[PDB]
Every structure is written in C-alpha cells, then in structure tokens.
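Data first, discussion second: the structure below is written as structure tokens.
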Amino acid sequence: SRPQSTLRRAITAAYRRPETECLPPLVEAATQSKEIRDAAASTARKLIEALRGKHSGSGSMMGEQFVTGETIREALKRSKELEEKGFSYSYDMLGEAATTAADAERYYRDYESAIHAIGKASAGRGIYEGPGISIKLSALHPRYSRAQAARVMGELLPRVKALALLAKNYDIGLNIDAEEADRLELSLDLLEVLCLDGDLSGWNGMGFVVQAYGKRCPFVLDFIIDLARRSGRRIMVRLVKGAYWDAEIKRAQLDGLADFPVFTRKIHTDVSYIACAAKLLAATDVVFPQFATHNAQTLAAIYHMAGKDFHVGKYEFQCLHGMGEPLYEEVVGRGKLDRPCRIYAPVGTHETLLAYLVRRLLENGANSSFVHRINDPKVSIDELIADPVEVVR
Amino acid sequence: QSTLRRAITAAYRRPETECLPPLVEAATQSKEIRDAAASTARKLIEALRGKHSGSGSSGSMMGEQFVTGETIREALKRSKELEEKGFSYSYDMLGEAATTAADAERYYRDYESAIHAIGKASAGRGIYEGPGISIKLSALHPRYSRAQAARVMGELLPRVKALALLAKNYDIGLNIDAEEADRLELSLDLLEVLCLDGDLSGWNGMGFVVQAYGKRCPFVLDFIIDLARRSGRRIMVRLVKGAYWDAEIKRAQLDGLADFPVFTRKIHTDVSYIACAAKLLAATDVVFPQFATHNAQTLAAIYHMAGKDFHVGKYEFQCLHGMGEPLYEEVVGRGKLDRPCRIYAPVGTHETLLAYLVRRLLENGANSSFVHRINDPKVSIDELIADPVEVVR
Ligand SMILES: Cc1cc2nc3c(=O)[nH]c(=O)nc-3n(C[C@H](O)[C@H](O)[C@H](O)COP(=O)(O)OP(=O)(O)OC[C@H]3O[C@@H](n4cnc5c(N)ncnc54)[C@H](O)[C@@H]3O)c2cc1C
Ligand SMILES: Cc1cc2nc3c(=O)[nH]c(=O)nc-3n(C[C@H](O)[C@H](O)[C@H](O)COP(=O)(O)OP(=O)(O)OC[C@H]3O[C@@H](n4cnc5c(N)ncnc54)[C@H](O)[C@@H]3O)c2cc1C
Ligand SMILES: N#CCSCC(=O)O
Ligand SMILES: N#CCSCC(=O)O
Numbered sequence: 001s002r003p004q005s006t007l008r009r010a011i012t013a014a015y016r017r018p019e020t021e022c023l024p025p026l027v028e029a030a031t032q033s034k035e036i037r038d039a040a041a042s043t044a045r046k047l048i049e050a051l052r053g054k055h056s057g058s059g060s061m062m063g064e065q066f067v068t069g070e071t072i073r074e075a076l077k078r079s080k081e082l083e084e085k086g087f088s089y090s091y092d093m094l095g096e097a098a099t100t101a102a103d104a105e106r107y108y109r110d111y112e113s114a115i116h117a118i119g120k121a122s123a124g125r126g127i128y129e130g131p132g133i134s135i136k137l138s139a140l141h142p143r144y145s146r147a148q149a150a151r152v153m154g155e156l157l158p159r160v161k162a163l164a165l166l167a168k169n170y171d172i173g174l175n176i177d178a179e180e181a182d183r184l185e186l187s188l189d190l191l192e193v194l195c196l197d198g199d200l201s202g203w204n205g206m207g208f209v210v211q212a213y214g215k216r217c218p219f220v221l222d223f224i225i226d227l228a229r230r231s232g233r234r235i236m237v238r239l240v241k242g243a244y245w246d247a248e249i250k251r252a253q254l255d256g257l258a259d260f261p262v263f264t265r266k267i268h269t270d271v272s273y274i275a276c277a278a279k280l281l282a283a284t285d286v287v288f289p290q291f292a293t294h295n296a297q298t299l300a301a302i303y304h305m306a307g308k309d310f311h312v313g314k315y316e317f318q319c320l321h322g323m324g325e326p327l328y329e330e331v332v333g334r335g336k337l338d339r340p341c342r343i344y345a346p347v348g349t350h351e352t353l354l355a356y357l358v359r360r361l362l363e364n365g366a367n368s369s370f371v372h373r374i375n376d377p378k379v380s381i382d383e384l385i386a387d388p389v390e391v392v393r
Numbered sequence: 001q002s003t004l005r006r007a008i009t010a011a012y013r014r015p016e017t018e019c020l021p022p023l024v025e026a027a028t029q030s031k032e033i034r035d036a037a038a039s040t041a042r043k044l045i046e047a048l049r050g051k052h053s054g055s056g057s058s059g060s061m062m063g064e065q066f067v068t069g070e071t072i073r074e075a076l077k078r079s080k081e082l083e084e085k086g087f088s089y090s091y092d093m094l095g096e097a098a099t100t101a102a103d104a105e106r107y108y109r110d111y112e113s114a115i116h117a118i119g120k121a122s123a124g125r126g127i128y129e130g131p132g133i134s135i136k137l138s139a140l141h142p143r144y145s146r147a148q149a150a151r152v153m154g155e156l157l158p159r160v161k162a163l164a165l166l167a168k169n170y171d172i173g174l175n176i177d178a179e180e181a182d183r184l185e186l187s188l189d190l191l192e193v194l195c196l197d198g199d200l201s202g203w204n205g206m207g208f209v210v211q212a213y214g215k216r217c218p219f220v221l222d223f224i225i226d227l228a229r230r231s232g233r234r235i236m237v238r239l240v241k242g243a244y245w246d247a248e249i250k251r252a253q254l255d256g257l258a259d260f261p262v263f264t265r266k267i268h269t270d271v272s273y274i275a276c277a278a279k280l281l282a283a284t285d286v287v288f289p290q291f292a293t294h295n296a297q298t299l300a301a302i303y304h305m306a307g308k309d310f311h312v313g314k315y316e317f318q319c320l321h322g323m324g325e326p327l328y329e330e331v332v333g334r335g336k337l338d339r340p341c342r343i344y345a346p347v348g349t350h351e352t353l354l355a356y357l358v359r360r361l362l363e364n365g366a367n368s369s370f371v372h373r374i375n376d377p378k379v380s381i382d383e384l385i386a387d388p389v390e391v392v393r
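Sequence order for the protein chains is A and B. Residue numbers for the first sequence follow this note's numbering, so the first one is 1 and each next one is one higher. Residue numbers for the second sequence follow this note's numbering, so the first one is 1 and each next one is one higher.
Next comes the structure, spelled out in structure tokens:
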C-alpha cells in the first residue's frame with residue numbers, strides 16, 4: 001500500500017466527519033476515574049483560589065503585555081527573571097501571511113538571526129531546559145494559503161530545513177506553529193520530510209503543534225507518533241485547543257460546507273484535548289508532549305492523568321506571555337506542582353502585532369473562555385473546576 | 001437607475017490616483033480657515049494631552065470601556081449626566097451578521113423593544129435634542145452577505161419599514177449603520193424606498209452612514225442630498241471614515257483585484273472626509289450632517305468650515321462611547337465650542353460585544369490612528385495639527 005496509507009486515510013476521513021460521529025471515541029478516551037477526578041478538582045480549586053489571591057481577586061486591550069520585546073536581544077534580556085524561577089521560553093518573531101517574496105525573505109532572515117541569538121543565549125542548555133523558537137510557515141512562503149502544495153512545498157522545504165539545521169547546530173527547539181485548517185496537511189507532509197532527513201540526525205528539537213478543536217487531531221497525533229517511531233526523532237508535540245476558531249467558522253460557512261473542520265461546541269474541544277493528552281502521555285518514549293493551556297481545570301486534569309512519575313524532559317506545560325504567568329507561578333517549582341512551563345514569547349512591533357492581538361482579543365473576550373469566565377461574577381468556582389467530560393459522557 | 005446612481009457604480013473601483021484630485025480640490029480651505037483650524041486643533045490637542053485619552057484608555061479585553069449598559073433600561077438611566085452637559089445618544093443594540101432565522105428574529109425584537117424604550121424616554125424631545133437608535137442590516141437578515149441582493153432587500157424592507165414607523169411614532173432618529181463595501185448598494189436602495197414611502201412622511205429621523213474611506217463616498221453623498229431634496233426628508237447623514245478597513249483590504253487582496261473599493265493610504269481617507277464634509281455643509285438645508293470623528297484636527301477643520309451660523313438641528317458631531325468623551329468635553333457646552341455631540345452607545349452582553357470590540361481594537365491599536373498618536377511620545381503636536389491636503393504627496 002501507499003506509505004502510511006492507513007494513518008493518512010484516517011486523517012483525510014476525519015477532515016469534515018460529522019461532529020456527533022467524532023465525539024464518542026474521544027469521550028471514552030477522556031474519561032478518568034472518580035478518584036482522579038476528585039483529586040483534579042481539588043488541584044484546580046487550589047490553582048484558581050491562588051490565582052485570585054495573589055492578583056487582587058482577578059483571574060490591556062492594547063496588548064503591550066503580550067509582547068516580550070521589540071527585538072530578540074531585548075526579549076532575551078527580559079527572560080532571565082522567569083528562567084531563574086524555572087520557566088523556559090519559545091520566542092515568536094511576529095509576522096505571518098507573507099504577501100510577497102520579499103516579505104517572506106525578510107521573515108526568513110528574522111528567524112535566522114533569532115536562532116543565532118537564542119542559540120547563543122541557550123549556551124548548551126539543550127532543548128528541554130533551554131529556550132527555543134516557534135515559526136509560522138505562512139511567513140516563509142508568499143501566498144501560502146493560495147498556491148498549490150507542490151509549489152509551496154518545493155520552495156518552503158529548503159528554507160525550513162535551513163532553519164532546522166541552525167537550531168540543530170545550537171541544540172535548541174524549533175516548533176512549527178499550527179495555522180488555518182486548510183494548511184494542516186501541507187505542514188504535516190513537511191514535518192515528515194524533515195524528520196526523515198538524515199542531515200538533521202541526532203537532534204530532537206523539531207516540534208509541531210496539533211489543534212484539539214480540529215476533527216483530525218487524534219489521527220494527526222497517531223501519524224506523528226508513528227513518524228517518531230520510524231524516524232528515530234523524539235518529536236516535540238504542542239497540544240493546543242486552537243487560535244483561529246472564529247475565522248474557521250466564517251470560512252466554512254463561506255465554503256458552503258455542511259460539516260466544518262472544527263468543533264462548534266466548546267466543551268467538545270475540551271474533551272478532544274483531554275483524549276489527545278491521554279494519547280500523548282502514553283507515548284513519551286517517542287514524543288515530548290507540551291500541554292499549552294491557560295485553563296486551570298485542563299491543567300489539573302492532565303497533571304493527575306500523567307501520574308506520579310515525573311522528570312524534566314518527560315512533558316511540559318506551556319503558556320502565552322502576558323496570560324499564563326499567574327497560573328503557572330502556582331505550578332512551576334518544588335513547593336507547587338513541580339512541573340515546568342515554557343512561555344511563548346512574541347517579539348516585534350506594531351507593524352507585526354495586529355494579527356496576533358486580534359486572536360488574543362477573541363480568546364480573552366469570549367464568554368466561553370476560561371480566562372474570561374474566571375473574572376465573570378456569574379461563574380461559580382464549582383463551574384470552573386467541573387470536568388467537561390462529565391457533561392457529555 | 002439615474003445619472004447620480006451611475007456615478008456611484010462607476011467609482012466602485014476607480015484607481016486611487018484618479019479619485020484624489022477632485023477630493024484634494026474640495027478639501028482645500030482658505031488660509032484664514034486653515035489658520036483658525038490649526039489654532040483650534042492645537043488647543044484641543046493640548047487639552048487632550050493633559051488628559052489620558054486615546055488608545056491607552058481603551059481598558060481591558062473585557063471591553064468594559066466600550067459598552068454603555070447590558071440592557072436599554074440600564075443604558076437610558078446612565079445617560080442623564082451627559083445629556084445635561086450637552087451630549088445626546090444613539091443606542092446600538094449589539095448584534096450583527098445573523099446566520100440563522102432565529103438570530104435575525106431575536107435582533108429584530110431587540111431593536112423593536114429598544115425603540116419603544118428610547119421613544120418613551122425621548123418624551124417628545126425630537127430627533128436632534130433627544131436620543132435615537134442605530135441598526136445594522138446584517139442583524140436583520142440571516143444571509144445578508146451571502147444571498148442575492150435583490151431578494152435580501154425585499155425581505156429586509158418590511159422589517160426596516162416597521163422599525164422606521166415605530167421611530168416615526170415617537171419622533172426619534174433611526175440610523176442605518178454602514179458595513180462592508182459590497183453591501184453599500186443594497187442599503188442605499190433601501191434608504192431610497194423608505195424616503196419615498198408616504199407612510200413615513202413628516203418624519204426627519206431616517207439616518208444613513210457614508211464611509212469616507214470608500215471611493216464612492218462623494219457620489220453617494222450627491223445621491224443622498226438629491227434624494228433628500230426631492231423627497232422632502234431631511235436625511236440624517238453620518239459621515240465616518242470607516243470601521244472595516246483591514247477586512248476590506250484582505251478581501252480585495254484575495255479577490256485578486258488591482259483596484260480596491262477603499263483607499264489604501266490613511267491620508268487619502270482624511271482628504272476624502274474633509275472634501276465630503278464640505279459637500280455636506282453646503283447642503284444643511286436638506287440633510288442633517290453628523291460628523292463622527294475622534295480626530296481633533298478633523299473636528300477643528302469642520303468646526304471652522306461650518307462658519308459662524310449655528311442652531312441645534314443644523315449639524316452635530318458624533319463619537320463612540322468610551323473613546324470620544326475626553327475630546328468632546330472640550331467641544332460641548334457654552335464654555336467650549338458650544339456644538340452638540342451624539343454618543344454612539346452600544347448596549348448588550350459580553351457575547352454580542354465581541355465583533356464590535358475587534359473593530360475597536362483595530363481602530364485603537366493602529367499606529368496611524370489619531371487615538372493612538374495622541375499618546376505616542378514620538379508624535380509632535382505640530383504633526384497632529386497638519387492639514388491633510390498640505391501633507392499628501
Ligand atoms: C504556548 C501556546 C502556544 C499555542 N500555539 C498555538 C498554535 O500554534 N496554533 C493554534 O491554533 N493555537 C495555538 N495556541 C492556542 C490558542 O492560542 C489559545 O491559547 C487556546 O486555544 C486557549 O485554550 P485554553 O485551554 O487556554 O482555554 P479555554 O478557555 O479552555 O479554551 C478556549 C478555546 O476553545 C476553543 N473554542 C472556543 N469556542 C469554541 C466552540 N464554540 N466550539 C469549539 N471550540 C471552541 C478555541 O480553541 C478557544 O481558544 C497556543 C496556546 C499556547 C498557550
Ligand atoms: C459615532 C460613530 C459612528 C460610526 N459609525 C460607523 C459605521 O456605521 N460604519 C463604519 O464603517 N464606521 C463607522 N464609524 C467609524 C469607525 O468606527 C471609526 O470610529 C473611524 O473610522 C475612526 O476615524 P477617526 O476620524 O476617529 O480617526 P482617524 O485616526 O483620523 O482615522 C482612522 C481611520 O482611517 C482609516 N484608515 C486607516 N488606515 C488607512 C489606510 N491605510 N488607508 C485608508 N484609510 C485608512 C480607517 O477608516 C480608520 O478608522 C463610526 C464612528 C463614530 C465615531
Ligand atoms: N497562540 C499561539 C501561537 S500560534 C496562533 C497565534 O499566533 O495566535
Ligand atoms: N463605529 C461604529 C458603528 S458601525 C461599525 C462598528 O460597529 O464598528
């Protein structure tokens with residue numbers, strides 16, 4: 001059969017599978033024992049009570065708090081304080097959706113210079129304890145969303161390979177951010193080619209994001225875990241819910257779709273995230289799970305799902321600069337939960353901030369978001385710590 | 001179809017360089033007016049920079065700064081303080097881009113109930129001294145942008161007419177907000193039908209927004225001014241720059257068009273606004289101009305262009321709730337410029353607030369926006385009072 005025919009066919013089959021058909025296997029995989037659910041509820045209650053206690057009871061629209069620096073040099077200087085406490089960083093040179101070849105070339109050079117600076121700052125700390133970088137493929141090919149995959153692939157692959165080689169040379173992480181649903185397939189084919197490229201051998205810093213609001217998420221994870229097994233690379237896998245929900249809904253409506261590529265009920269994304277976390281936690285020999293979330297209930301659920309055995313390098317949590325520090329200050333550190341957290345740290349100016357800021361406003365301003373609900377007087381602590389899997393079981 | 005309508009259609013995507021010369025000419029003011037406006041603008045900006053207005057005051061992503069109240073009853077109670085200072089209100093029941101019949105029906109009921117509450121609160125103060133309402137056509141039809149314009153107008157017409165008749169019953173203003181460029185034509189056709197409908201005779205509260213960032217703006221104004229003169233309806237015309245610029249640019253780039261329906265240089269929109277303001281000020285016999293802006297240079301130019309004769313009902317300024325009060329506190333009242341300002345006042349829950357908030361983020365966060373520059377230490381007062389015609393190059 002075609003290489004990985006079964007795994008690839010499962011991804012394609014899920015693309016726009018009816019939401020009601022996607023959920024039952026996820027609900028079963030996300031169901032935890034009463035004993036774990038009770039312990040997770042107690043942990044989540046503590047995290048929320050601490051969140052407010054140290055921040056005047058609270059759980060800017062201009063978003064200066066979302067950018068760590070205007071240049072990589074400035075961002076690296078401002079990272080020392082939180083690294084001393086046990087946080088790590090992943091730097092994001094802001095910029096995406098290149099419209100011209102010159103723009104894509106400028107973004108490439110920004111990433112290249114950033115890797116040199118981050119690699120020097122890492123100073124041999126390696127991919128888990130030291131800083132890394134995150135990149136967006138849409139920054140590196142003009143009209144990434146429009147051109148045929150063969151053209152986008154043949155030009156993008158040498159650029160990403162060159163960046164990955166530099167990250168290998170400094171032994172830092174290099175993560176491919178996940179963007180719109182229609183570019184998942186291309187990005188995953190690129191990940192495969194890089195993981196099978198012998199020039200990158202011996203480096204486990206290649207990382208890839210999977211969005212749990214997507215119907216393909218568990219099948220993409222199956223493909224990635226199998227790719228790790230056959231390539232010999234321990235792939236870093238950032239599990240997120242997803243940043244483009246409002247845009248995906250609008251696009252699917254304009255595409256005339258009867259079934260969308262993302263879930264439309266928020267708790268279905270929560271169930272998908274927990275089910276996918278269970279899959280990742282059973283594969284830590286071959287992937288490095290990175291649980292990106294600001295939701296204290298999700299965090300507590302995974303913390304207890306992962307069990308008592310932990311070492312740095314097994315898995316980590318992640319958060320966004322300007323959103324997650326108050327929560328993760330109750331997580332990192334021996335007297336807290338003793339689990340590491342990597343801060344995603346945007347670097348740039350107003351000329352590159354708006355697209356990211358809009359996604360942050362849609363995240364922070366939505367009534368369904370944990371970060372909004374924690375400040376909503378109508379939402380009880382009972383509701384914040386409730387397991388969403390029990391709502392749909 | 002008419003000569004005036006043909007001028008609108010022909011300008012839809014006219015090359016930007018061809019649009020500018022007639023706007024530059026019409027926006028050119030005499031030396032005496034330019035000097036007086038520079039003095040007034042400097043005074044306003046010096047007062048603004050003693051305050052803490054602009055983008056830095058936009059508050060948190062909860063959006064609290066931008067919403068007047070959760071319900072119309074709450075919003076009406078909170079309007080008394082500013083109404084006695086010389087402000088009026090236009091209430092906006094939040095909600096737009098209905099995707100289902102149920103949603104469009106709910107938005108209709110919200111508008112209808114707001115008209116009854118606003119009309120009772122107006123208590124015979126009339127369309128200039130008393131409060132009004134603003135509506136979005138996309139809230140009232142479930143496929144406003146995705147169905148044939150002819151059919152959309154025909155189903156929308158009875159709903160808008162019913163709301164207009166209620167507004168006539170109480171003698172309040174009812175404004176149709178302007179949305180995306182591809183719906184200008186439909187909304188203008190609806191305005192014409194309403195202004196020729198004898199059931200609405202004797203009421204001057206019908207209002208309509210025109211966006212100066214659009215290439216069709218001056219020609220839309222010529223059509224509306226002629227419609228007012230021939231119909232005997234003193235149409236309230238809200239002149240704005242426009243709220244959807246980023247979306248219009250992205251849509252136009254995707255559609256592969258060489259010439260967009262909006263200007264692409266901010267200074268061109270500023271020139272267009274002043275040119276269109278000159279056209280409206282020459283037509284105050286037949287239309288009621290409403291100059292919506294937070295830009296102190298734009299305001300000062302219009303104040304001087306309008307001349308010394310003023311009476312309530314000649315024209316007014318307008319601002320957005322949570323953005324315009326610092327500037328307009330230097331305008332309303334007998335100790336200031338003694339000109340009225342109507343506050344656009346959103347009403348609704350946090351859920352319905354989100355889409356409006358995104359447009360406020362794009363407005364407040366853009367380095368080119370007056371409200372951002374007023375706080376920017378790199379921007380001089382000299383630059384803020386520059387006359388757009390003298391700067392365009
Ligand atoms: C370090 C880090 C890196 C990230 N990288 C990426 C990336 O590369 N690509 C990407 O797309 N996202 C990425 N994200 C995720 C995104 O930016 C948001 O931070 C995340 O989705 C919020 O989830 P939460 O668990 O913190 O919050 P929660 O409030 O628990 O969940 C909110 C999420 O639920 C989803 N949602 C909301 N409404 C609905 C609905 N009606 N139906 C279904 N789902 C719904 C959306 O995904 C929304 O963001 C990243 C997040 C972090 C912290
Ligand atoms: C009471 C009120 C009601 C309004 N109603 C509507 C409505 O119904 N529909 C609507 O679309 N808008 C409406 N607006 C306008 C919109 O929401 C913004 O408030 C307004 O455009 C900001 O203009 P300004 O003169 O305050 O600021 P300025 O800073 O002087 O101007 C900013 C504006 O310039 C334009 N612009 C920015 N960059 C560029 C560029 N590169 N090229 C071209 N133009 C550019 C945009 O229109 C932007 O908003 C309304 C505004 C007010 C105050
Ligand atoms: N969050 C995150 C990293 S990728 C999506 C975005 O940039 O918002
Ligand atoms: N400003 C304004 C009223 S209409 C456009 C929007 O709602 O942003």
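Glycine residues also receive a C-beta, built at the ideal position from the N, C-alpha and C atoms.
| Check | Outcome |
| --- | --- |
| For a quick check, are the C-beta atoms of B:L362 and B:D246 less than 8 Å apart? | yes |
| Taking the alpha carbon of A:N367 as the reference point, which residue from B:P15, B:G63, B:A292 and B:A27 has its own alpha carbon closest? | B:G63 |
| List, in chain order, every chain B residue whose beta-carbon is nearer than 9 Å to that of A:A366. | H350, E351 and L354 |
| Using a C-beta to C-beta distance shorter than 9 Å, which residues of chain A count as neighbours of B:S53? | The premise fails here: B:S53 is roughly 13 Å from chain A at the closest Cβ pair, so nothing lies under 9 Å. |
| Anything in chain B within Cβ reach of A:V358, meaning under 7 Å, just list it in chain order. | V358 and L361 |
| Closer than 8 Å by beta-carbon distance: list the chain A residues that pair up with B:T99, in chain order. | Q253 |
| Using a Cβ-Cβ cut-off of less than 7 Å, list which residues of the stretch 56-74 of chain A approach chain B; keep chain order. | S60, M61 and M62 |
| Kindly indicate if chain A contains any beta-carbon less than 8 Å away from that of B:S58. | yes |
| Report yes or no: do three or more beta-carbon pairs, one from the stretch 32-47 of chain B and one from the stretch 264-279 of chain B, lie closer than 8 Å? | no |
| Would you report the Cα separation of B:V358 and B:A101, rounded to the nearest angstrom? | 24 Å |
| Nearest by alpha-carbon distance to A:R230: which of A:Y213, A:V240 and A:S201 is it? | A:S201 |
| List the whole-angstrom C-beta distance separating A:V392 from A:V271, where the pair is believed to meet the contact cut-off of C-beta under 8 Å. | 6 Å |
| Note down the Cα distance separating A:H321 from A:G57, rounded to an integer number of angstroms. | 20 Å |
| Over the uninterrupted beta strand (DSSP E) stretch that includes B:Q290, give me the two end residues. | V287 to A292 |
| Can you grab the Cα-Cα spacing for the pair A:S5 / A:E248, in whole Å? | 27 Å |
| Could you name the residues that DSSP lists as bridge partners for B:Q211? | B:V240 |
| Based on Cα-Cα distance, which residue from A:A10, A:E19, A:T20 and A:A39 lies nearest to A:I302? | A:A39 |
| Can you confirm whether the stretch 165-173 of chain B touches the stretch 208-224 of chain B when touching is taken to mean that 3 or more C-beta pairs between the two stretches lie within less than 8 Å? | no |
| In chain order, which continuous runs of the alpha helix (DSSP H) of length 4 or greater are located wholly inside the stretch 359-386 of chain B? | 370-373 and 381-384 |
| How far does the alpha helix (DSSP H) with B:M305 in it reach, from first residue to last? | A296 to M305 |
| Going by C-alpha distance, which of A:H141, A:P377, A:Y273 and A:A29 is nearest A:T99? | A:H141 |
| Should A:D177 be counted as a contact of ligand 1 given a C-beta to heavy atom distance under 7 Å? | yes |
| What residue from A:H304, A:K80, A:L281 and A:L196 has the CA that sits closest to A:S33's CA? | A:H304 |
| Tell me the rounded alpha-carbon separation between B:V237 and A:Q297. | 51 Å |
| Any C-beta of chain D sitting closer than 8 Å to the C-beta of A:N375? | Absent here is chain D; the protein component of the structure consists of chains A and B. |
| For ligand 4, is there any heavy atom lying closer than 7 Å to the beta carbon of B:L320? | yes |
| Rounded to whole angstroms, what is the Cα-Cα separation between A:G256 and B:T17? | 37 Å |
| Taking the continuous beta strand (DSSP E) assigned at B:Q318, which residues delimit it? | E316 to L320 |
| Report the option in B:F317, B:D259 and B:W203 whose CA atom is closest to the CA atom of B:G124. | B:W203 |
| Tell me whether the beta-carbon of B:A117 lies closer than 8 Å to the beta-carbon of B:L76. | yes |
| Between A:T293 and ligand 1, is the CB less than 7 Å from at least one heavy atom? | yes |
| The alpha helix (DSSP H) that contains A:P261, what's its start and end? | Taken as a continuous stretch (DSSP letters only), A:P261 belongs to no alpha helix (DSSP H), as it is neither H nor E. |
| Please classify A:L337 as buried or exposed, where buried requires at least 16 other C-beta atoms within 10 Å of its C-beta. | buried |
| Check B:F219 in the structure and name its three-state DSSP category. | helix |
| Would the C-beta of B:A243 count as close to ligand 2, meaning under 7 Å from any of its heavy atoms? | yes |
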